[PDB]
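Content type CSV, C-alpha atoms and all ligand atoms, from the file final.csv:
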```
chain,number,residue,atom,x,y,z
A,140,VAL,CA,24.4,7.3,-25.6
A,141,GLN,CA,21.9,10.1,-26.3
A,142,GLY,CA,18.7,11.2,-27.8
A,143,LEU,CA,18.8,14.3,-25.6
A,144,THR,CA,19.8,17.9,-26.3
A,145,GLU,CA,23.2,19.3,-25.5
A,146,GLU,CA,21.8,21.0,-22.4
A,147,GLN,CA,20.3,17.7,-21.2
A,148,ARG,CA,23.5,15.7,-21.8
A,149,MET,CA,25.6,18.4,-20.0
A,150,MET,CA,23.0,18.4,-17.2
A,151,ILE,CA,23.6,14.7,-16.7
A,152,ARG,CA,27.3,15.0,-17.0
A,153,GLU,CA,27.5,17.6,-14.3
A,154,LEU,CA,25.3,15.6,-11.9
A,155,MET,CA,27.2,12.4,-12.6
A,156,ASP,CA,30.5,14.3,-12.0
A,157,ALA,CA,29.2,15.7,-8.7
A,158,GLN,CA,28.1,12.2,-7.7
A,159,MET,CA,31.5,10.7,-8.6
A,160,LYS,CA,33.4,13.4,-6.6
A,161,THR,CA,31.2,13.3,-3.4
A,162,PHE,CA,29.9,9.8,-3.0
A,163,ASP,CA,32.4,7.6,-1.1
A,164,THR,CA,30.9,4.3,-2.4
A,165,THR,CA,33.4,2.2,-0.4
A,166,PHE,CA,32.9,4.3,2.8
A,167,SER,CA,36.7,4.4,3.1
A,168,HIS,CA,36.7,7.8,5.0
A,169,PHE,CA,33.9,6.9,7.5
A,170,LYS,CA,36.0,6.6,10.6
A,171,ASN,CA,36.0,7.4,14.4
A,172,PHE,CA,32.3,6.5,14.7
A,173,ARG,CA,30.7,5.4,17.9
A,174,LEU,CA,29.7,1.8,18.4
A,175,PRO,CA,27.1,0.2,20.8
A,176,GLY,CA,28.8,-0.3,24.1
A,177,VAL,CA,30.5,-3.6,25.1
A,196,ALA,CA,5.2,9.0,30.0
A,197,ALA,CA,3.2,8.4,26.8
A,198,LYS,CA,6.1,9.6,24.8
A,199,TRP,CA,8.2,6.5,25.6
A,200,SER,CA,5.5,4.1,24.3
A,201,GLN,CA,5.6,6.0,21.0
A,202,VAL,CA,9.4,6.2,21.0
A,203,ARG,CA,9.5,2.5,21.7
A,204,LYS,CA,7.2,1.9,18.7
A,205,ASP,CA,9.4,4.2,16.6
A,206,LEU,CA,12.7,2.5,17.5
A,207,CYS,CA,11.7,-1.1,16.8
A,208,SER,CA,10.4,-0.3,13.3
A,209,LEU,CA,14.0,-0.9,12.0
A,210,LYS,CA,16.1,-3.7,13.6
A,211,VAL,CA,19.5,-4.3,12.0
A,212,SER,CA,22.6,-6.3,12.9
A,213,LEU,CA,25.9,-4.7,12.2
A,214,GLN,CA,29.1,-6.2,10.9
A,215,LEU,CA,32.7,-4.8,10.6
A,216,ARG,CA,35.2,-6.5,8.3
A,217,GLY,CA,38.7,-5.7,9.3
A,218,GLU,CA,41.3,-5.0,6.7
A,219,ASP,CA,43.2,-8.0,8.2
A,220,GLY,CA,40.2,-10.3,7.7
A,221,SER,CA,38.7,-10.1,11.2
A,222,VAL,CA,34.9,-9.7,11.6
A,223,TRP,CA,33.1,-7.9,14.4
A,224,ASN,CA,29.4,-8.7,14.5
A,225,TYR,CA,26.7,-7.0,16.6
A,226,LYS,CA,23.2,-8.4,17.3
A,227,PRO,CA,20.9,-5.8,19.0
A,228,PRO,CA,18.9,-6.5,22.1
A,229,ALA,CA,15.2,-7.1,22.3
A,230,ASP,CA,13.1,-4.4,24.0
A,231,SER,CA,13.0,-5.3,27.7
A,232,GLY,CA,11.5,-2.0,28.9
A,233,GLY,CA,14.6,0.3,29.3
A,234,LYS,CA,17.4,2.3,27.6
A,235,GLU,CA,18.8,-0.7,25.7
A,236,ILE,CA,16.8,0.3,22.6
A,237,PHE,CA,19.0,3.4,22.3
A,238,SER,CA,22.2,1.4,21.9
A,239,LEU,CA,22.6,1.9,18.1
A,240,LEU,CA,21.5,5.6,18.0
A,241,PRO,CA,25.0,7.2,18.4
A,242,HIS,CA,26.4,5.0,15.6
A,243,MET,CA,23.5,5.7,13.2
A,244,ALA,CA,23.9,9.4,14.0
A,245,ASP,CA,27.5,9.2,13.0
A,246,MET,CA,26.7,7.3,9.7
A,247,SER,CA,23.9,9.8,9.0
A,248,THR,CA,26.2,12.7,9.6
A,249,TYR,CA,28.8,11.2,7.3
A,250,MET,CA,26.2,10.8,4.5
A,251,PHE,CA,24.8,14.3,5.1
A,252,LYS,CA,28.3,15.7,4.5
A,253,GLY,CA,28.5,13.9,1.2
A,254,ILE,CA,25.1,15.2,0.2
A,255,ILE,CA,26.1,18.8,1.1
A,256,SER,CA,29.2,18.5,-1.0
A,257,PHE,CA,27.1,17.0,-3.8
A,258,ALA,CA,24.8,20.0,-3.8
A,259,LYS,CA,27.7,22.6,-3.6
A,260,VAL,CA,29.5,21.4,-6.7
A,261,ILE,CA,26.4,21.6,-8.8
A,262,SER,CA,26.2,24.8,-10.8
A,263,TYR,CA,22.4,25.0,-10.7
A,264,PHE,CA,22.7,24.8,-6.9
A,265,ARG,CA,25.6,27.2,-6.5
A,266,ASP,CA,23.7,29.9,-8.4
A,267,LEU,CA,20.8,29.9,-6.0
A,268,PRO,CA,20.8,32.4,-3.1
A,269,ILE,CA,22.6,30.9,0.0
A,270,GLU,CA,19.3,31.1,2.0
A,271,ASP,CA,17.6,28.9,-0.6
A,272,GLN,CA,20.6,26.5,-0.6
A,273,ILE,CA,20.2,26.1,3.1
A,274,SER,CA,16.4,25.7,2.8
A,275,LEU,CA,16.7,23.1,0.0
A,276,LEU,CA,19.5,21.1,1.8
A,277,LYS,CA,17.4,21.1,5.0
A,278,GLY,CA,14.4,19.9,3.1
A,279,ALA,CA,16.0,17.2,1.0
A,280,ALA,CA,19.2,15.9,2.7
A,281,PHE,CA,17.4,12.9,4.2
A,282,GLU,CA,15.9,12.0,0.9
A,283,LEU,CA,19.2,12.1,-1.0
A,284,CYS,CA,20.7,10.1,1.8
A,285,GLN,CA,18.1,7.4,1.2
A,286,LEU,CA,18.6,7.5,-2.5
A,287,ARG,CA,22.4,6.9,-2.1
A,288,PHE,CA,21.7,4.1,0.5
A,289,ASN,CA,19.5,2.3,-2.1
A,290,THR,CA,22.5,2.0,-4.5
A,291,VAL,CA,24.4,0.0,-1.8
A,292,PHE,CA,21.2,-2.0,-0.7
A,293,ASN,CA,21.3,-5.7,-1.5
A,294,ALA,CA,17.7,-6.9,-1.8
A,295,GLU,CA,18.5,-10.6,-1.9
A,296,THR,CA,20.3,-10.5,1.5
A,297,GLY,CA,18.4,-7.5,3.0
A,298,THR,CA,21.7,-5.7,3.6
A,299,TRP,CA,23.1,-2.2,3.1
A,300,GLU,CA,26.7,-3.0,2.1
A,301,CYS,CA,28.7,0.1,3.1
A,302,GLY,CA,32.2,-1.1,2.4
A,303,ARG,CA,33.6,-2.8,5.5
A,304,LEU,CA,30.3,-2.0,7.3
A,305,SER,CA,27.1,-4.1,6.7
A,306,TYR,CA,23.6,-3.4,8.0
A,307,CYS,CA,21.5,-6.6,7.8
A,308,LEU,CA,17.8,-6.5,8.4
A,309,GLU,CA,17.0,-8.8,11.3
A,310,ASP,CA,15.1,-11.9,10.2
A,311,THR,CA,11.8,-11.7,12.1
A,312,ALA,CA,8.5,-13.6,12.2
A,313,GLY,CA,6.5,-12.6,9.2
A,314,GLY,CA,9.4,-12.8,6.8
A,315,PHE,CA,10.3,-10.6,3.9
A,316,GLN,CA,6.7,-9.6,3.6
A,317,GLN,CA,6.2,-8.3,7.1
A,318,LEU,CA,9.3,-6.1,6.5
A,319,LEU,CA,7.6,-4.5,3.5
A,320,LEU,CA,5.1,-3.1,5.9
A,321,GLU,CA,7.7,-0.6,7.2
A,322,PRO,CA,7.5,2.2,4.6
A,323,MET,CA,11.2,2.8,4.6
A,324,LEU,CA,11.9,-0.9,3.9
A,325,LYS,CA,9.2,-1.1,1.2
A,326,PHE,CA,10.7,1.9,-0.5
A,327,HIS,CA,14.2,0.4,-0.6
A,328,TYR,CA,13.0,-3.0,-1.9
A,329,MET,CA,10.6,-1.4,-4.5
A,330,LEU,CA,13.2,1.2,-5.7
A,331,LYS,CA,15.8,-1.6,-6.0
A,332,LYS,CA,13.4,-3.7,-8.1
A,333,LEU,CA,13.4,-0.9,-10.7
A,334,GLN,CA,17.1,-1.6,-11.5
A,335,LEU,CA,17.9,2.1,-12.2
A,336,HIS,CA,21.0,3.4,-13.8
A,337,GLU,CA,23.5,5.7,-12.0
A,338,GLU,CA,22.2,8.5,-14.2
A,339,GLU,CA,18.6,7.9,-13.1
A,340,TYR,CA,19.6,7.7,-9.4
A,341,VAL,CA,21.4,11.1,-9.7
A,342,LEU,CA,18.5,12.7,-11.5
A,343,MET,CA,16.2,11.5,-8.7
A,344,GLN,CA,18.6,13.3,-6.3
A,345,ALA,CA,18.4,16.5,-8.4
A,346,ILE,CA,14.6,16.4,-8.6
A,347,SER,CA,14.4,15.9,-4.8
A,348,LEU,CA,17.0,18.6,-4.1
A,349,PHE,CA,15.1,21.0,-6.3
A,350,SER,CA,11.6,20.7,-4.7
A,351,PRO,CA,10.4,24.3,-4.9
A,352,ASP,CA,8.0,23.8,-1.9
A,353,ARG,CA,10.5,23.2,0.9
A,354,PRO,CA,9.9,25.3,4.0
A,355,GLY,CA,11.6,28.6,3.7
A,356,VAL,CA,12.4,28.7,0.0
A,357,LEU,CA,12.2,32.2,-1.6
A,358,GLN,CA,13.1,31.5,-5.3
A,359,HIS,CA,10.0,29.3,-5.8
A,360,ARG,CA,9.9,30.1,-9.5
A,361,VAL,CA,13.6,29.4,-10.3
A,362,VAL,CA,13.7,26.2,-8.2
A,363,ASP,CA,10.5,25.0,-9.9
A,364,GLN,CA,11.9,25.7,-13.4
A,365,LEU,CA,15.1,23.9,-12.5
A,366,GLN,CA,13.2,20.9,-11.1
A,367,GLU,CA,11.0,20.7,-14.2
A,368,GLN,CA,14.2,20.5,-16.4
A,369,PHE,CA,15.7,17.7,-14.3
A,370,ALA,CA,12.4,15.8,-14.6
A,371,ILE,CA,12.2,16.3,-18.3
A,372,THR,CA,15.8,15.2,-18.7
A,373,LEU,CA,15.0,12.1,-16.8
A,374,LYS,CA,11.8,11.4,-18.8
A,375,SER,CA,13.8,11.9,-22.0
A,376,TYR,CA,16.7,9.7,-20.8
A,377,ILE,CA,14.3,6.9,-20.1
A,378,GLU,CA,12.6,7.3,-23.5
A,379,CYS,CA,15.9,7.1,-25.4
A,380,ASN,CA,17.7,4.3,-23.5
A,381,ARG,CA,15.0,1.9,-22.1
A,382,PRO,CA,12.7,0.6,-24.8
A,383,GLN,CA,11.8,-2.7,-23.1
A,384,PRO,CA,8.2,-3.3,-22.0
A,385,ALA,CA,9.4,-3.7,-18.4
A,386,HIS,CA,10.4,0.0,-18.4
A,387,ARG,CA,7.0,1.2,-19.5
A,388,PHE,CA,5.8,4.0,-17.2
A,389,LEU,CA,9.3,3.9,-15.5
A,390,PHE,CA,9.4,7.7,-15.3
A,391,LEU,CA,6.0,7.7,-13.6
A,392,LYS,CA,7.0,4.9,-11.2
A,393,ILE,CA,10.1,7.0,-10.3
A,394,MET,CA,8.1,10.2,-9.7
A,395,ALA,CA,5.7,8.2,-7.5
A,396,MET,CA,8.6,6.8,-5.4
A,397,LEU,CA,9.9,10.4,-5.0
A,398,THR,CA,6.5,11.4,-3.6
A,399,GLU,CA,6.6,8.4,-1.2
A,400,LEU,CA,10.2,9.3,-0.2
A,401,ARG,CA,8.9,12.8,0.8
A,402,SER,CA,6.3,11.2,3.0
A,403,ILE,CA,8.8,8.9,4.6
A,404,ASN,CA,11.0,12.0,5.1
A,405,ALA,CA,8.2,13.7,7.0
A,406,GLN,CA,7.4,10.6,9.1
A,407,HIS,CA,11.1,9.9,10.0
A,408,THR,CA,11.5,13.6,10.9
A,409,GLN,CA,8.8,13.2,13.5
A,410,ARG,CA,10.3,10.0,14.8
A,411,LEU,CA,13.7,11.7,15.2
A,412,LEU,CA,12.2,14.7,17.0
A,413,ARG,CA,10.3,12.4,19.5
A,414,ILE,CA,13.4,10.3,20.2
A,415,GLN,CA,15.6,13.4,20.5
A,416,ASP,CA,13.0,14.8,23.0
A,417,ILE,CA,13.6,12.1,25.6
A,418,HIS,CA,17.0,10.7,24.5
A,419,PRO,CA,19.2,13.4,22.9
A,420,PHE,CA,21.6,12.0,20.3
A,421,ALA,CA,21.6,14.2,17.2
A,422,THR,CA,25.0,15.5,16.1
A,423,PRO,CA,25.5,19.2,15.5
A,424,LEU,CA,25.1,18.8,11.8
A,425,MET,CA,21.8,16.9,12.4
A,426,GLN,CA,20.6,19.7,14.6
A,427,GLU,CA,21.4,22.2,11.9
A,428,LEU,CA,19.5,20.3,9.3
A,429,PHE,CA,16.4,19.4,11.4
A,430,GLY,CA,16.1,22.9,13.0
A,431,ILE,CA,17.4,22.4,16.5
A,432,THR,CA,18.9,25.6,17.9
A,433,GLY,CA,20.6,24.3,21.1
A,434,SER,CA,18.3,26.2,23.5
A,501,LIG,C1,14.7,5.1,11.6
A,501,LIG,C2,14.4,5.7,13.0
A,501,LIG,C3,13.7,7.1,12.8
A,501,LIG,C4,14.7,8.1,12.1
A,501,LIG,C5,16.0,8.1,12.9
A,501,LIG,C6,17.0,9.0,12.2
A,501,LIG,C7,16.6,10.1,11.5
A,501,LIG,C8,17.5,10.9,10.9
A,501,LIG,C9,18.9,10.7,11.0
A,501,LIG,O1,19.8,11.5,10.3
A,501,LIG,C10,19.4,9.6,11.7
A,501,LIG,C11,18.5,8.7,12.3
A,501,LIG,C12,19.0,7.5,13.1
A,501,LIG,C13,17.9,7.0,14.0
A,501,LIG,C14,16.7,6.8,13.1
A,501,LIG,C15,15.6,5.9,13.8
A,501,LIG,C16,16.0,4.5,14.2
A,501,LIG,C17,14.6,3.7,14.3
A,501,LIG,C18,13.6,4.7,13.8
A,501,LIG,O2,12.6,4.1,13.0
A,502,LIG,CL1,16.6,3.9,8.3
A,502,LIG,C1,18.3,3.6,8.1
A,502,LIG,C2,19.1,3.2,9.0
A,502,LIG,CL2,18.9,3.1,10.7
A,502,LIG,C3,20.5,3.1,8.3
A,502,LIG,CL3,21.7,2.1,9.2
A,502,LIG,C4,21.0,4.4,7.8
A,502,LIG,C5,20.9,5.5,8.9
A,502,LIG,CL4,22.5,5.9,9.5
A,502,LIG,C6,20.2,6.7,8.3
A,502,LIG,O1,18.8,6.4,8.3
A,502,LIG,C7,19.5,6.2,7.1
A,502,LIG,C8,20.0,4.8,6.7
A,502,LIG,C9,19.0,3.6,6.7
A,502,LIG,CL5,18.0,3.5,5.3
A,502,LIG,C10,20.0,2.4,7.0
A,502,LIG,CL6,19.2,0.9,7.2
A,502,LIG,CL7,21.2,2.3,5.7
```
Please express what this file holds, its structure, as structure tokens.
Amino acid sequence: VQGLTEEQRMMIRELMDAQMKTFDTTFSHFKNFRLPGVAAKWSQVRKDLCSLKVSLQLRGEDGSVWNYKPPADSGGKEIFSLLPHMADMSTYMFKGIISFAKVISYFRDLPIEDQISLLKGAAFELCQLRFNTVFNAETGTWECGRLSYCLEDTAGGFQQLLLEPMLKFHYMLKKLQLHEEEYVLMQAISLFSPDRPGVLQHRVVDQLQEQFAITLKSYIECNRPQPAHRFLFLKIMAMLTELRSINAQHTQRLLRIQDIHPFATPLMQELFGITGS
């Protein structure tokens, strides 16, 4: 129930309300998305693209199932086949994240230039945090309603996958068995990083972030006494630091792939600083 102040409990209520209003957990309104059709840069792009191999499944409302197994790298443009779809899913998630931020009072009250700077800085991280809540660790599958993204069983097993930092993050974060309140506090802490590029109100954003972190620390103290949740707050704060690193890494991968194979949606260009010229 509580153990927090009035301000902390209202802070959680507003974040949970924003999450409820802007997170389409069944992905019902993700429609009209593209599907894979029926010189030293490339070597790096090829290494970037095969770091995440997923099969894709569509369950029809009628009960039909479409299933897609991707191709192995044969030395050409077939490794780009899932990029338009993933760009459309990313764009759909980004829209939910932007709406999430905009209905938060602490975010509305910041200058619009800081809003844009914080969203540009954190949108990828909040997308990852939401994707973890639909991640099934036992089946290696992100269950997005009628869409499923299954990690391709590969030599090395579920331990070679954990070498990919994005996949280790999702498995490790899932192992913590966080509450909805803790996930949405992680989103706030990430969205309120005072040191994003181009932030002006460093002091205000830092004070807001510290309050979201203290609320999280206090929430864990009051509602998780079990020995398994010892240092849970510090584990969460270390995963947020890792997520920031994965954010920087995946931003470089994106810019390299985009350099030789353009695929970013207009909203992705806006968030990752691509002007169109
Ligand atoms: C995850 C990868 C880097 C990050 C890329 C990205 C990065 C941001 C984004 O909004 C969408 C996508 C889809 C393609 C992703 C890539 C597919 C393989 C590569 O590892
Ligand atoms: Cl890395 C990755 C891919 Cl690719 C998927 Cl399909 C999705 C794309 Cl649309 C966007 O990068 C985020 C997630 C995440 Cl984590 C999953 Cl696996 Cl859900």
- Query: Which distance in Å separates atom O2 of ligand LIG 501 (chain A) and CA of residue 275 in chain A, to one decimal?
  - Reply: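 It comes out at 23.4 Å.
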Contact check, chain A to ligand LIG 501 (chain A), at most 7 Å, counting all atoms listed in the file, closest pairs as JSON lines:
```
{"residue": "A:205", "atom": "CA", "partner": "A:LIG501", "partner_atom": "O2", "distance": 4.8}
{"residue": "A:206", "atom": "CA", "partner": "A:LIG501", "partner_atom": "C17", "distance": 3.9}
{"residue": "A:207", "atom": "CA", "partner": "A:LIG501", "partner_atom": "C17", "distance": 6.1}
{"residue": "A:208", "atom": "CA", "partner": "A:LIG501", "partner_atom": "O2", "distance": 4.9}
{"residue": "A:209", "atom": "CA", "partner": "A:LIG501", "partner_atom": "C17", "distance": 5.2}
{"residue": "A:240", "atom": "CA", "partner": "A:LIG501", "partner_atom": "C13", "distance": 5.6}
{"residue": "A:243", "atom": "CA", "partner": "A:LIG501", "partner_atom": "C12", "distance": 4.8}
{"residue": "A:244", "atom": "CA", "partner": "A:LIG501", "partner_atom": "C10", "distance": 5.1}
{"residue": "A:247", "atom": "CA", "partner": "A:LIG501", "partner_atom": "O1", "distance": 4.6}
{"residue": "A:248", "atom": "CA", "partner": "A:LIG501", "partner_atom": "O1", "distance": 6.5}
{"residue": "A:281", "atom": "CA", "partner": "A:LIG501", "partner_atom": "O1", "distance": 6.7}
{"residue": "A:407", "atom": "CA", "partner": "A:LIG501", "partner_atom": "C4", "distance": 4.5}
{"residue": "A:408", "atom": "CA", "partner": "A:LIG501", "partner_atom": "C7", "distance": 6.2}
{"residue": "A:410", "atom": "CA", "partner": "A:LIG501", "partner_atom": "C3", "distance": 4.9}
{"residue": "A:411", "atom": "CA", "partner": "A:LIG501", "partner_atom": "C5", "distance": 4.9}
{"residue": "A:425", "atom": "CA", "partner": "A:LIG501", "partner_atom": "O1", "distance": 6.1}
```
- Item | Pick from A:287, A:152, A:265, A:204, whichever lies nearest to ligand LIG 502 (chain A) using only C-alpha atoms and all ligand atoms | A:287
- Query: Quick one: residues within 8 Å of residue 366 in chain A, only C-alpha atoms counted, chain neighbours fewer than 6 positions away excluded, as an MDAnalysis selection string?
  - Reply: chainID A and resid 345:346 349:351
Could I get the residues of range 199-309 of chain A with an atom no further than 9 Å from an atom of range 166-169 of chain A, each paired with its nearest atom pair and that distance in Å to one decimal, using only C-alpha atoms, sorted by chain and residue number, as a Markdown table?
```
| residue | atom | partner | partner_atom | distance |
| --- | --- | --- | --- | --- |
| A:245 | CA | A:169 | CA | 8.7 |
| A:246 | CA | A:169 | CA | 7.5 |
| A:249 | CA | A:169 | CA | 6.7 |
| A:301 | CA | A:166 | CA | 5.9 |
| A:302 | CA | A:166 | CA | 5.5 |
| A:303 | CA | A:166 | CA | 7.6 |
| A:304 | CA | A:166 | CA | 8.2 |
```
- Task: Go through A:358, A:404, A:368, A:272 one by one, measure the shortest atom-to-atom distance of each to ligand LIG 502 (chain A) using all atoms listed in the file, and give the residue with the smallest value.
- Result: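 Nearest candidate to ligand LIG 502 (chain A) out of A:358, A:404, A:368, A:272: A:404.
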- Suppose you want the space between CA of residue 283 in chain A and CA of residue 409 in chain A; what is it in Å?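 Those two atoms sit 17.9 Å apart.
Distances to ligand LIG 502 (chain A) were evaluated for A:141, A:285, A:426, A:293 using all atoms listed in the file, and the minimum falls at A:285.
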